[PDB]
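First up is the structure itself, then whatever we jot down about it.
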Amino acid sequence: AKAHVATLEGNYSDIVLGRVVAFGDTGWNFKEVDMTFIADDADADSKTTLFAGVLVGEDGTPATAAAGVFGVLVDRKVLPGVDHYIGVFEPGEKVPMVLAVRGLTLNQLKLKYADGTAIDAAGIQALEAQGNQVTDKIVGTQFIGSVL
Amino acid sequence: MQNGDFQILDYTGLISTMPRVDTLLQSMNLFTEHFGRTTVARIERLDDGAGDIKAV
């Protein structure tokens with residue numbers, strides 16, 4: 001019968017590795033857009049297909065091409081482990097979401113197109129123009145079986 | 001209480017309600033009670049009056 005198991009292996013700090021803190025307004029780095037949280041046709045109890053770290057344009061549509069990259073979805077409603085919002089939204093509803101745009105250090109690996117596929121060089125160049133530092137310098141971690 | 005599998009929630013106690021139960025008629029104590037043995041009960045009635053006496 002297998003087993004009922006759940007796993008959580010990620011945090012918010014692993015996507016936005018750091019900011020530039022403004023003195024005039026702490027919201028200088030974020031923009032708010034309206035997004036289709038639950039697909040139009042999916043049943044009310046279907047979980048949302050959005051996952052933290054996806055690249056979304058300024059019009060709320062996840063990017064399937066490098067050109068339509070405007071920001072990284074970092075809303076607190078789609079972070080790893082937050083599964084409560086099931087059936088809480090009418091299918092086809094559009095709900096505001098928070099995008100991070102300017103003045104950030106962004107992890108290369110967690111950025112992903114609408115369909116999970118990693119981002120190319122064109123995407124990196126397009127996103128950097130907003131003033132973000134996409135980096136590959138992550139130490140990582142090793143577990144259990146890896147001798148040290 | 002936990003939420004999902006990793007978060008927490010605040011619990012705000014229970015809320016309960018019950019429907020009406022009217023006892024106005026019962027409270028007045030109008031009725032009497034008799035306890036017997038069988039399933040068939042009898043009652044008896046007696047009617048009495050008077051007469052118009054004449055002179056003789």
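Ligands are numbered from 1 in the order shown, chains are lettered A, B, ... in the order of the structure tokens, and residues start at 1 in each chain.
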Counting only C-alpha atoms, which residues of chain A come no farther than 10 Å from chain B, as a PDB file with C-alpha atoms, in the first residue's frame?
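New file part_9.pdb:
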```pdb
ATOM      1  CA  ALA A   6       4.913  14.489   2.299  1.00  0.00           C
ATOM      2  CA  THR A   7       8.173  16.391   1.916  1.00  0.00           C
ATOM      3  CA  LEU A   8       9.367  19.994   2.263  1.00  0.00           C
ATOM      4  CA  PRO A  80       6.735  25.529  -0.568  1.00  0.00           C
ATOM      5  CA  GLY A  81       4.463  23.842   1.951  1.00  0.00           C
ATOM      6  CA  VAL A  82       1.499  26.241   1.752  1.00  0.00           C
ATOM      7  CA  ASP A  83      -1.198  23.908   0.415  1.00  0.00           C
ATOM      8  CA  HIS A  84      -4.165  25.254   2.390  1.00  0.00           C
ATOM      9  CA  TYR A  85      -5.728  27.280  -0.457  1.00  0.00           C
TER      10      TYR A  85
END
```
*Record the distance separating atom CA of residue 145 of chain A and atom CA of residue 79 of chain A, expressed in Å with one decimal.*
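Distance reported for this atom pair: 28.7 Å.
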Run DSSP on the backbone of this structure and report the residues of chain A it assigns to strand (DSSP E), as a PDB file with N, CA, C and O atoms, in the first residue's frame.
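out_25.pdb, written as the output of this step:
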```pdb
ATOM      1  N   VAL A  16      15.279  34.456  -3.401  1.00  0.00           N
ATOM      2  CA  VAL A  16      15.817  35.809  -3.353  1.00  0.00           C
ATOM      3  C   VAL A  16      16.944  35.847  -2.330  1.00  0.00           C
ATOM      4  O   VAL A  16      16.716  36.083  -1.138  1.00  0.00           O
ATOM      5  N   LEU A  17      18.171  35.618  -2.793  1.00  0.00           N
ATOM      6  CA  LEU A  17      19.309  35.473  -1.892  1.00  0.00           C
ATOM      7  C   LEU A  17      19.634  36.753  -1.131  1.00  0.00           C
ATOM      8  O   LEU A  17      20.383  36.693  -0.154  1.00  0.00           O
ATOM      9  N   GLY A  18      19.100  37.896  -1.553  1.00  0.00           N
ATOM     10  CA  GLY A  18      19.353  39.153  -0.876  1.00  0.00           C
ATOM     11  C   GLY A  18      18.790  40.333  -1.642  1.00  0.00           C
ATOM     12  O   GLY A  18      18.533  40.225  -2.842  1.00  0.00           O
ATOM     13  N   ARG A  19      18.595  41.462  -0.968  1.00  0.00           N
ATOM     14  CA  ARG A  19      17.997  42.637  -1.582  1.00  0.00           C
ATOM     15  C   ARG A  19      18.936  43.826  -1.487  1.00  0.00           C
ATOM     16  O   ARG A  19      20.010  43.759  -0.886  1.00  0.00           O
ATOM     17  N   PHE A  30       9.276  45.419  -5.296  1.00  0.00           N
ATOM     18  CA  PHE A  30       8.175  44.539  -5.646  1.00  0.00           C
ATOM     19  C   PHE A  30       7.127  45.273  -6.470  1.00  0.00           C
ATOM     20  O   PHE A  30       6.930  46.483  -6.328  1.00  0.00           O
ATOM     21  N   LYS A  31       6.461  44.520  -7.339  1.00  0.00           N
ATOM     22  CA  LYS A  31       5.305  44.987  -8.086  1.00  0.00           C
ATOM     23  C   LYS A  31       4.159  44.003  -7.894  1.00  0.00           C
ATOM     24  O   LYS A  31       4.379  42.809  -7.678  1.00  0.00           O
ATOM     25  N   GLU A  32       2.936  44.512  -7.973  1.00  0.00           N
ATOM     26  CA  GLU A  32       1.735  43.713  -7.780  1.00  0.00           C
ATOM     27  C   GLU A  32       0.977  43.600  -9.095  1.00  0.00           C
ATOM     28  O   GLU A  32       0.699  44.615  -9.742  1.00  0.00           O
ATOM     29  N   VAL A  33       0.643  42.370  -9.479  1.00  0.00           N
ATOM     30  CA  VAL A  33      -0.122  42.100 -10.689  1.00  0.00           C
ATOM     31  C   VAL A  33      -1.238  41.124 -10.344  1.00  0.00           C
ATOM     32  O   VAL A  33      -1.258  40.522  -9.270  1.00  0.00           O
ATOM     33  N   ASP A  34      -2.170  40.966 -11.276  1.00  0.00           N
ATOM     34  CA  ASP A  34      -3.326  40.097 -11.109  1.00  0.00           C
ATOM     35  C   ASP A  34      -3.098  38.828 -11.918  1.00  0.00           C
ATOM     36  O   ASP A  34      -2.762  38.900 -13.104  1.00  0.00           O
ATOM     37  N   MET A  35      -3.290  37.676 -11.278  1.00  0.00           N
ATOM     38  CA  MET A  35      -2.948  36.385 -11.857  1.00  0.00           C
ATOM     39  C   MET A  35      -4.114  35.416 -11.712  1.00  0.00           C
ATOM     40  O   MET A  35      -4.881  35.483 -10.750  1.00  0.00           O
ATOM     41  N   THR A  36      -4.231  34.505 -12.680  1.00  0.00           N
ATOM     42  CA  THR A  36      -5.264  33.467 -12.660  1.00  0.00           C
ATOM     43  C   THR A  36      -4.768  32.324 -11.778  1.00  0.00           C
ATOM     44  O   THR A  36      -4.048  31.422 -12.206  1.00  0.00           O
ATOM     45  N   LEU A  55       8.717  32.419 -13.740  1.00  0.00           N
ATOM     46  CA  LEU A  55       8.919  33.726 -14.347  1.00  0.00           C
ATOM     47  C   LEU A  55       7.636  34.172 -15.036  1.00  0.00           C
ATOM     48  O   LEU A  55       7.129  33.478 -15.923  1.00  0.00           O
ATOM     49  N   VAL A  56       7.131  35.338 -14.637  1.00  0.00           N
ATOM     50  CA  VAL A  56       5.838  35.832 -15.090  1.00  0.00           C
ATOM     51  C   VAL A  56       6.003  37.238 -15.644  1.00  0.00           C
ATOM     52  O   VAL A  56       6.760  38.052 -15.109  1.00  0.00           O
ATOM     53  N   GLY A  71       9.403  39.371 -14.103  1.00  0.00           N
ATOM     54  CA  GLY A  71       9.635  39.240 -12.677  1.00  0.00           C
ATOM     55  C   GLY A  71       9.463  37.806 -12.236  1.00  0.00           C
ATOM     56  O   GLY A  71       8.930  36.965 -12.965  1.00  0.00           O
ATOM     57  N   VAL A  72       9.916  37.543 -11.015  1.00  0.00           N
ATOM     58  CA  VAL A  72       9.868  36.215 -10.418  1.00  0.00           C
ATOM     59  C   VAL A  72       8.764  36.196  -9.374  1.00  0.00           C
ATOM     60  O   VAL A  72       8.742  37.037  -8.466  1.00  0.00           O
ATOM     61  N   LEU A  73       7.852  35.234  -9.495  1.00  0.00           N
ATOM     62  CA  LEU A  73       6.760  35.117  -8.542  1.00  0.00           C
ATOM     63  C   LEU A  73       7.291  34.663  -7.188  1.00  0.00           C
ATOM     64  O   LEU A  73       7.837  33.564  -7.062  1.00  0.00           O
ATOM     65  N   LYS A  94      -9.227  35.822 -10.745  1.00  0.00           N
ATOM     66  CA  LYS A  94      -7.957  36.519 -10.846  1.00  0.00           C
ATOM     67  C   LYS A  94      -7.656  37.204  -9.518  1.00  0.00           C
ATOM     68  O   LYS A  94      -8.433  38.046  -9.057  1.00  0.00           O
ATOM     69  N   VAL A  95      -6.531  36.843  -8.914  1.00  0.00           N
ATOM     70  CA  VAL A  95      -6.186  37.303  -7.571  1.00  0.00           C
ATOM     71  C   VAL A  95      -4.836  38.011  -7.627  1.00  0.00           C
ATOM     72  O   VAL A  95      -3.937  37.560  -8.351  1.00  0.00           O
ATOM     73  N   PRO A  96      -4.642  39.111  -6.901  1.00  0.00           N
ATOM     74  CA  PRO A  96      -3.353  39.807  -6.965  1.00  0.00           C
ATOM     75  C   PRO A  96      -2.217  38.956  -6.422  1.00  0.00           C
ATOM     76  O   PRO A  96      -2.393  38.168  -5.490  1.00  0.00           O
ATOM     77  N   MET A  97      -1.038  39.133  -7.015  1.00  0.00           N
ATOM     78  CA  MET A  97       0.171  38.442  -6.603  1.00  0.00           C
ATOM     79  C   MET A  97       1.324  39.437  -6.565  1.00  0.00           C
ATOM     80  O   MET A  97       1.279  40.485  -7.211  1.00  0.00           O
ATOM     81  N   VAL A  98       2.356  39.097  -5.798  1.00  0.00           N
ATOM     82  CA  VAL A  98       3.511  39.968  -5.622  1.00  0.00           C
ATOM     83  C   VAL A  98       4.669  39.435  -6.454  1.00  0.00           C
ATOM     84  O   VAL A  98       5.032  38.260  -6.350  1.00  0.00           O
ATOM     85  N   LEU A  99       5.246  40.303  -7.280  1.00  0.00           N
ATOM     86  CA  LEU A  99       6.403  39.975  -8.100  1.00  0.00           C
ATOM     87  C   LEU A  99       7.606  40.774  -7.625  1.00  0.00           C
ATOM     88  O   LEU A  99       7.469  41.934  -7.226  1.00  0.00           O
ATOM     89  N   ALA A 100       8.780  40.155  -7.665  1.00  0.00           N
ATOM     90  CA  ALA A 100      10.027  40.816  -7.315  1.00  0.00           C
ATOM     91  C   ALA A 100      10.761  41.193  -8.593  1.00  0.00           C
ATOM     92  O   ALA A 100      11.003  40.335  -9.450  1.00  0.00           O
ATOM     93  N   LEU A 104      17.721  42.753  -6.625  1.00  0.00           N
ATOM     94  CA  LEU A 104      17.791  41.471  -5.943  1.00  0.00           C
ATOM     95  C   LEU A 104      18.965  40.643  -6.439  1.00  0.00           C
ATOM     96  O   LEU A 104      19.491  40.851  -7.537  1.00  0.00           O
ATOM     97  N   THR A 105      19.371  39.695  -5.598  1.00  0.00           N
ATOM     98  CA  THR A 105      20.270  38.622  -5.987  1.00  0.00           C
ATOM     99  C   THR A 105      19.445  37.355  -6.147  1.00  0.00           C
ATOM    100  O   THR A 105      18.920  36.825  -5.163  1.00  0.00           O
ATOM    101  N   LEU A 106      19.334  36.872  -7.380  1.00  0.00           N
ATOM    102  CA  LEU A 106      18.404  35.806  -7.724  1.00  0.00           C
ATOM    103  C   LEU A 106      19.169  34.531  -8.050  1.00  0.00           C
ATOM    104  O   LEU A 106      20.139  34.561  -8.815  1.00  0.00           O
ATOM    105  N   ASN A 107      18.726  33.419  -7.469  1.00  0.00           N
ATOM    106  CA  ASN A 107      19.353  32.126  -7.704  1.00  0.00           C
ATOM    107  C   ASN A 107      19.084  31.671  -9.133  1.00  0.00           C
ATOM    108  O   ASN A 107      17.951  31.744  -9.612  1.00  0.00           O
ATOM    109  N   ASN A 132      18.940  42.960 -11.623  1.00  0.00           N
ATOM    110  CA  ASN A 132      19.048  41.810 -10.734  1.00  0.00           C
ATOM    111  C   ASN A 132      20.304  41.031 -11.077  1.00  0.00           C
ATOM    112  O   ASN A 132      20.734  41.009 -12.233  1.00  0.00           O
ATOM    113  N   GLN A 133      20.881  40.382 -10.069  1.00  0.00           N
ATOM    114  CA  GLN A 133      22.147  39.666 -10.217  1.00  0.00           C
ATOM    115  C   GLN A 133      21.867  38.169 -10.193  1.00  0.00           C
ATOM    116  O   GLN A 133      21.755  37.564  -9.124  1.00  0.00           O
ATOM    117  N   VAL A 134      21.761  37.564 -11.371  1.00  0.00           N
ATOM    118  CA  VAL A 134      21.554  36.125 -11.476  1.00  0.00           C
ATOM    119  C   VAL A 134      22.908  35.438 -11.354  1.00  0.00           C
ATOM    120  O   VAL A 134      23.812  35.680 -12.161  1.00  0.00           O
ATOM    121  N   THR A 135      23.050  34.571 -10.350  1.00  0.00           N
ATOM    122  CA  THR A 135      24.342  34.009  -9.979  1.00  0.00           C
ATOM    123  C   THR A 135      24.279  32.488  -9.927  1.00  0.00           C
ATOM    124  O   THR A 135      23.215  31.906  -9.700  1.00  0.00           O
TER     125      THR A 135
END
```
*Would you return as a ChimeraX atom specification the members of segment 12-51 of chain B that DSSP assigns to helix (DSSP H, G or I) on this structure's backbone?*
/B:24-27
*atom CA of residue 122 of chain A to atom CA of residue 109 of chain A, distance in Å rounded to a single decimal*: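 So the two atoms, atom CA of residue 122 of chain A and atom CA of residue 109 of chain A, lie 15.1 Å apart.
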_Residue nearest residue 75 of chain A among A:28, A:89, A:12, A:113 (counting only C-alpha atoms)_ = A:12
